[PDB]
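First up is the structure itself, then whatever we jot down about it.
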Amino acid sequence: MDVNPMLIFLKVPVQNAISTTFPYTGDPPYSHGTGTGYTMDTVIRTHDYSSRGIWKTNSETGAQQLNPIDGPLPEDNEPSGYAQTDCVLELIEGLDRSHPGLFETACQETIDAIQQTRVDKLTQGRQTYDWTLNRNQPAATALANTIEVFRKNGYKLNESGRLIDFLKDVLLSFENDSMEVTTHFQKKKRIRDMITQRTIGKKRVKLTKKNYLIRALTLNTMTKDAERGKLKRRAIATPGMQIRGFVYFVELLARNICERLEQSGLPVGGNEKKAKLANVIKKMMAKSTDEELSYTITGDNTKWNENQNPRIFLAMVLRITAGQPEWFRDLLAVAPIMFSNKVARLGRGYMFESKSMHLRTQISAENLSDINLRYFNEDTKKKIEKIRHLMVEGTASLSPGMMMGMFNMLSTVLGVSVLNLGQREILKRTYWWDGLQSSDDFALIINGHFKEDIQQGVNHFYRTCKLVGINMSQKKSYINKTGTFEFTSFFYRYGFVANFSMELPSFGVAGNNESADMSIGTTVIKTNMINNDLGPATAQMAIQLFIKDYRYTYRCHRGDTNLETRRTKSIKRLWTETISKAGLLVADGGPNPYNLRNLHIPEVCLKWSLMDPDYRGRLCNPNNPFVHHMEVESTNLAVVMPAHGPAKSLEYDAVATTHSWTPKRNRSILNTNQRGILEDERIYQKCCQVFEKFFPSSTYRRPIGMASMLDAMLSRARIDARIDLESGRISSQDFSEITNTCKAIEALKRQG
Amino acid sequence: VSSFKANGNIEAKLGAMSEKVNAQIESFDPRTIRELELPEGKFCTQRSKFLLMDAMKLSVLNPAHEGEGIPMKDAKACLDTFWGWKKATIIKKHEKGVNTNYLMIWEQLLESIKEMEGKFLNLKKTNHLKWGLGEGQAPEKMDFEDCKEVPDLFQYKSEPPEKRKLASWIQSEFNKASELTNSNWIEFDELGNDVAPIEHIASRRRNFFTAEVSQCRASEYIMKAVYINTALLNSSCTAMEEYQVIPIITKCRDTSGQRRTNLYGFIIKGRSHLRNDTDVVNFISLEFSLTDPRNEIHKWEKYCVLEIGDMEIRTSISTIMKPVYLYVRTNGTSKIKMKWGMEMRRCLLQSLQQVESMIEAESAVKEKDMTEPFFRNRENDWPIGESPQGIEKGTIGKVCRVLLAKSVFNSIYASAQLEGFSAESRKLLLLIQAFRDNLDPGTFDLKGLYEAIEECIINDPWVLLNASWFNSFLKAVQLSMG
Amino acid sequence: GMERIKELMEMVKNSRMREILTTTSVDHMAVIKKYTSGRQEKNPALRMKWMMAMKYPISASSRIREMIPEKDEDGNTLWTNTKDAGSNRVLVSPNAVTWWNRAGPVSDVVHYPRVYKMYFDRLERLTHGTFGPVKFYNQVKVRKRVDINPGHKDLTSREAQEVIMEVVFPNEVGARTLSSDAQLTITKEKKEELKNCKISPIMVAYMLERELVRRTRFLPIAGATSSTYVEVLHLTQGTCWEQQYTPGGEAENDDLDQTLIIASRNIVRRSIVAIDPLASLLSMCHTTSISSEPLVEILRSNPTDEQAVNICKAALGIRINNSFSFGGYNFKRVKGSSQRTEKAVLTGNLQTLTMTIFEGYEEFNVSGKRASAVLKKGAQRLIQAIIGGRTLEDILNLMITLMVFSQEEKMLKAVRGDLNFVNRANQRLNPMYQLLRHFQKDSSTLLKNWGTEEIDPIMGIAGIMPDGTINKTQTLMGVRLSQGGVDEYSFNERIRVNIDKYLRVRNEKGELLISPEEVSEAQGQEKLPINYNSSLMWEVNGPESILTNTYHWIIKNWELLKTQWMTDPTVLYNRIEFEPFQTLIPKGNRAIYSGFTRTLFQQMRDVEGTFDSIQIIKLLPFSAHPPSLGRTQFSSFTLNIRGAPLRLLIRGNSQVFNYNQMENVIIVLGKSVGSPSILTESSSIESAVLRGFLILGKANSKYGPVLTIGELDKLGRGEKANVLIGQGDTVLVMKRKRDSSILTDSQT
RNA sequence: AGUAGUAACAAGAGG
RNA sequence: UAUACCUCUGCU
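Chains as they are written, first to last, in the deposited numbering: chain B, 1 to 193, 199 to 757; chain A, 233 to 714; chain C, 0 to 675, 678 to 749.
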């Protein structure tokens, strides 16, 4: 006999045993080298799908910009960028009729948000492209470095603090002919001991209009690591800091639309999405009659990003906002305009190897224009020749198509309007439809009397999709009678079934800290028992495996067990010294208290009863040096990446023990020319540290003020010292000292 | 945009569009569709980091000496149970490699193990070992301007993998991975006191799994991989320069209830200055085995085997002496791969959740804890294998181990090909299920999907086996249906 | 506080940071606070596995060098002088943390359990909570939004932020005074709770923010939806099992009041279908137990003014207030009555909406808060409303609430802005409350659409105008202001009331107050768990559970029932196990749905060859009712589940009742109920589908064009025709010449 | 050699 | 240039 597990599917339905199809217990595929090879392919495909469009050259950028919108209608099933504005404007109009006043109320909420929102808000989020240093940096630093140059130049309207005032500067910053920017530079020296030692300094450099404007409209590129369900690697992208600010409000407008739409799959979370789907199926059976055939197509759109054109989004924004004030329309219209004239930086570059010489070498992305084609292979050198046509300031202009998941929400609105068009009363045909859309994936449900009518409908959908740059993947998609379907990895079989294997990667050591990981790993089991149908015994096992994983990972083996590790020597000393053994946390080589019932209680609070008063005093000492509290909104927040998802921050419940510690930072930036940015951080963090002594509240609620940090502290110090004098317990000589010191500091301020 | 008013623009511009733009539904039928095109060429090779079915256990009963906790003193105790070492002799050539080095590495290892004292063992940097671990094989990094005009300067080989053919060894490996053994390999850490009635039922149900899983041979591989990779990661970080020796250990308990420490071989680590997750640490796998490599020469294409010794074995009837083979192999693993190797224990959950869901599916409708009447009341009513007669059925205990083995083999033979195949084959699996549910299924482009499925099937033995399993399923449906 | 000003002096002395302190504003400080050279960890699970192998992975404050020794007693290095990337922190060994916990400074932690009270409550609920037995059955989960935060003090994020700020940072609050009296109390309660408690304020703020504010999520729940039961969803329920449990501490009064109403409503609705309703209700009332406490003793003590509750109170002879609440105010019907008709209507927001409209003349007495009134109402018509109170605010608030209560076309067609009658997850909402909460925030559109009326000049009866003016000549249509208020307390007086066999509630005078028709069939989920210990009710109620348990019981005892179907079928129809199903069927259709079924069952008995056990099991519970003889065709039966009208098709598989031939199992609402025996069964002839007709395989073009089910009346007996039966299937049908009939064994 | 698979690792950087 | 050491870095 030869074993064959996929024979199970003879007896058990595929959906009921769908866990066995996912091989997510093994490692995922990583991209090793540079994404430049994939980026160029993306850039080529985007122009190739829009090839019949009208070319032009930009007045400011000087880049070749392909303009497919309102081009020739396609006459084949291949992916097309050739959309039609009059169709989109009919779809968006059709949405407005079907949902009356939806745009008004959604716009009015955005209107408030624009006037309300601070610059502070833009520090939140994923890495952005810092044009100051020509690389990806964390969102907070990109903003600070952008404001640094803006304020060093004449653009200081952002000093008010409100986001709209910062966005005012962004458009004015294009008016500078020569934008002065400070950049780091290395410098060798000789210091005795005799050592030849290096140091890093400053360098002022001016960028012309071309140099700045092209850097502002640059989207950086990387490869998508750990992407499951795929063979070949992908090319993900990252936005600049100028364009970032405007996209927020355009996505915020879209969110307020999508929240109120019946057929929108975003922005809703796991179970809410499952409910929102399950309800539209019942809505469909409510809407339809008894003598109608209902067919559910399990959709998926091909090259979703590359087809849809930012000029269509400009039409969508302008039509959705039609009626609102012209400042508000123009403000939201910025991001489509910036996307429509955008450029794309092509990664790090390429690496060459020499077999005879036995040496390797890295070549730059800018050097792809100035290089012989003998080094590259037939497939690559063909692409290098193509990309040279679009090359401007060492970057390729991607005027048509969207780069990556940036406009998701507003992109969904386009897809929803097509589902809206399928209303019985709007069509007045033998067929009609409804469904759900969530960016790239969608689920359609067509109803008619005979399969003639369903075929008639599916075509009417598919062709209408093509007319506005939506391209159904005929490979991946499939149709059947309403009853079973798939949607963003949720499997429906007369009701949504459990897919446990999707979550498996979460069942382990989260890698934040001892106290957190315990709270996470136990809640991961808890939540999977409710939603993903993790059965009692397997949940009991999950605890036993998670504890063993946790012990081996953190080297916190139970005090009695004879294993040779660095910690166990010091853990034995505690284990022997402690009276109550059950009082000790697993992190300090104690026993596992957990079981099904206990999972929702934190370890510290659970073992508090059995704890040693000496132990719990030291463990929960507020004066310990291991914990590092910074801000309330960031407290008790880990970061976890699931199997299918971009990036998630997860909350965890645990007591502030010594085990809540931060691990070491990456120190590779010491070697490189960015060594000063470490020193800047020391000054910035310690400047806030001292401010927080004067204003404790800044750790909880953000400190709102247009005045200076020093001026805020000095004004506090004077009044605090006077309140502590009059009523409080401070002497007249001690008061004088303070005020005199403040007076001296006020002079030392004015002297410089 | 503000002044626009619609005048059936979609309805007019739809008619003006060509008729070639259409989504025609090709009615799906399992009997009409073809089978998956398996790739042709040379036979596939054993790519796993350690030996699965073929490995030999140099075992010791119970604790002895100051070892147990210390890793090498376990391996010293295990080596002393075998006394039948010849002078090393090469009997299967690693065709591309300089095979004299492999013999010298084993001799230097066996010399160094004898000469060492203490806990850890760093081997001396000798030019035969340096070849095996790849010392100085990195080309030196330079500026482009420093070496512009070089004749043979090209980019790195950015080409697809070499296509391979399905072999019988990968199927047999799975058969053997599915089997039971007399050793309980998995040992679970402690749990809280069972207070809630559900926690007693959960424990009672967990005890039936504990037996069926812990005794399976897949667990032996899990515990092996866990030990190898956990030890290898910890060495890779601490001893970056040193060529450390790491033994291959799995501590277990017999069905009698007695302790045992088994030794499979040794792993000599290379230099581990790991920049990114994907960066590799080259190591030399040296593993004990009784199987002859010349009988299945294709399987061991990258291995160099040495006939190092001889021993006595008692057959069921007879008592026959046999020679032992040391499978030596230069290999490489990365932080990401050994990290997921450490976390292989979660392979149990993928199986046991799926098993438990099938029990709880019947428990609800039967209105009773079906836990015991599934395991205890033995009935062959789940199709898990295909024999020369037909499709053989097995029990919930067999299903557990079969589904465990898949979960393990997915972890061991982890690749982009599997990842891509699994996703695309699922769509066809769902179509078959939608047909068998009687939901008149259809596809817009069937043969385009087939191309996306077949694009993934290249050289990985596991992917090739799953691809064949899919055909075996596909025919098994077709025969039963029509 | 001299240290800090001497620290700032030294800060200002340095030119590099005095630049930053002067240049960067208090707005811009929030940007430079988050400025770091390091970026977020991509694969932390790996990076910790990696780093925990290193010698000095953890970072800690520079003052660790003061607090703990450099080398520990066993000879491990605890800390080093090498600083972390861009910090004053220094790299340390995990032996430092282990050292601290055994040898470090001991600290007082008596106040600690008060800060983390939210966590400690969970231990208290589990410790003092009691366990029961485990039941095994199809656990019918429902995707509803529920509370995750048991022991919350009902506050919004803004409301709680003020309260937290006033506790932890009282000196640095802005302009915001604590508006609510609830806030003022909590601020003082929480100040004395955490007095002289040494712990990081940052931690206290977070803990109070999490502790105070309501936090909700979508989850799959079966039965109990209270935050104390949501807490332990993983422990209470599974896929196939129900672990009985009640947590420690007393439950919330609002929840006990809520669940009582649902229990009472379920008991009343169950009793209406049975013979001798009063006895059924009495039987259920004595058996029923809410959260380990009998319903009878709860009904005695509870002050809950609700129709179905007052029916239960009347059977048990308890004091009764003939009233029901709405938008805070309580309504007591003085004169008249109304039928609860169901008619869909369009709003002014252009949205079709199926509403339950109350048709009939009624006089209500209304009270609550600082207001009170006498309402006189008809079918979508406010005749009169004499309102009085303490403030004009509370008078107008009630006026709005009554103008909503009227259900006039005037108010419906003045709905402006956004106002969907469905949840963010497309769930059916209560329209009356949605209208009310809309109009209580935005009145202006209603008031101007309402119109005005001339008032008679009577000294006392003033007028209220559409701009909130107290006018003496003009007023809003039917609205009158009572200058001396309205007399009350007689409203609240709990009456001694009688009840008949069929649950009509008669007052001591001898007049009807509450009828079973008035009880709303709002199939809502319960906060606390109801336990009916009755043979009449199922193990667990809820409309979805009824379908599964009814069809499961048929399959469970199918061999007993199949023989009872062939011989002596009237006893099978009048079995007491099919009664709870009848509550799912609309009250009007019950009679005609059973009659349509019985004839199809007798057609199956008459015609030889046609015998479909699946079609019997599907339609069997619809038969359990006194039938009507009216000949009308049905392509499907409608069922009301949680308001949603789900249609079960007669022929073939449906959403409600599915039979998957691959599995060989009946799937009711996405849940397997059982397997039936069908090897020899199945033919081209179908009997039990159309009344007085037989389907004979697929359609044939040489019997004319296809027809609809409505067109079947124009056909001779013996004649054939093609019919579009259902799910796009065209089939050949024959009108049988004979007829079928059965006499029942029941009365009225 | 080897890992690996559309591009890399086989240490990188510095006196 | 070559061989030695010595210093920094292990997501930058």
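For each residue, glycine too, the CB sits at the ideal point set by N, CA and C.
Under the 10 Å beta carbon count, A/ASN466 is surrounded by 16 or more other beta carbons and is classified as buried.
The beta-carbon of C/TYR136 is placed no less than 8 Å from the nearest beta-carbon of chain B. Straight across, the Cα-Cα distance linking A/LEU580 with A/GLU539 is about 36 Å. In the three-state scheme derived from DSSP, where H, G and I count as helix and E and B as strand, C/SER324 is classed as strand. Around C/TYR550, the same chain offers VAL667, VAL672 as residues with beta carbons nearer than 6 Å, after the five sequence neighbours per side are excluded. In the displayed model, C/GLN660 falls within coil according to three-state DSSP, outside both helix and strand. When Cβ pairs closer than 8 Å are counted between the two stretches, the segment 635–648 of chain C is seen not to touch the segment 600–612 of chain C, the count staying below three. Between B/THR117 and B/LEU171, the beta carbon gap of about 17 Å keeps them out of contact (Cβ cut-off 8 Å).
Counting other Cβ atoms within 10 Å of its Cβ, A/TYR559 reaches 16 or more and is therefore classed as buried. Distance from C/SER337 to C/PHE357 at the Cβ level is roughly 5 Å; contact confirmed, criterion being Cβ atoms closer than 8 Å.
At a Cβ-Cβ threshold of 8 Å, B/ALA542 and A/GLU588 count as neighbours. Taking 8 Å as the cut-off, the Cβ atoms of C/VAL162 and C/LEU193 do not count as close.
Across the segment 452–484 of chain A, CB contacts with chain C closer than 7 Å involve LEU465, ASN466, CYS469, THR470, in sequence order along the chain. Straight across, the Cα-Cα distance linking A/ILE664 with A/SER657 is about 11 Å.
If you draw a straight line from the Cα of C/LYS331 to the Cα of C/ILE399, it comes to about 18 Å. Between C/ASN42 and A/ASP509, the gap from beta carbon to beta carbon is short of 8 Å. Taking the Cα of C/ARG737 as reference, the smallest distance to any Cα among C/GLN728, C/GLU687, C/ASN491 is reached at C/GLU687. Close partners of C/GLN160 in chain B (Cβ separation under 9 Å): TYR705, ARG706. A distance below 6 Å between beta-carbons, with the five flanking residues on each side excluded, links C/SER544 to the following residues of its chain, in chain order: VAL139.
Around A/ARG668, the beta-carbon contacts reaching into chain C at under 7 Å are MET661. Here the alpha carbons of C/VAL203 and A/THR470 stand approximately 40 Å from one another.
Taking a beta-carbon distance threshold of 8 Å, C/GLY509 does not count as an interface residue toward chain B. Under DSSP, B/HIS184 forms a beta bridge with B/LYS207.
For A/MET574, the C-beta contacts it makes with chain C under 7 Å involve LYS48, in order along the chain.
According to the DSSP assignment, C/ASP180 belongs to the alpha helix (DSSP H) that extends over 180–192.
Sixteen is the threshold: when 16 or more other Cβ atoms of the shown chains lie within 10 Å of the Cβ of C/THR582, as they do, the residue is buried. Taking CB atoms only, B/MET546 has a neighbour in chain A less than 8 Å away.
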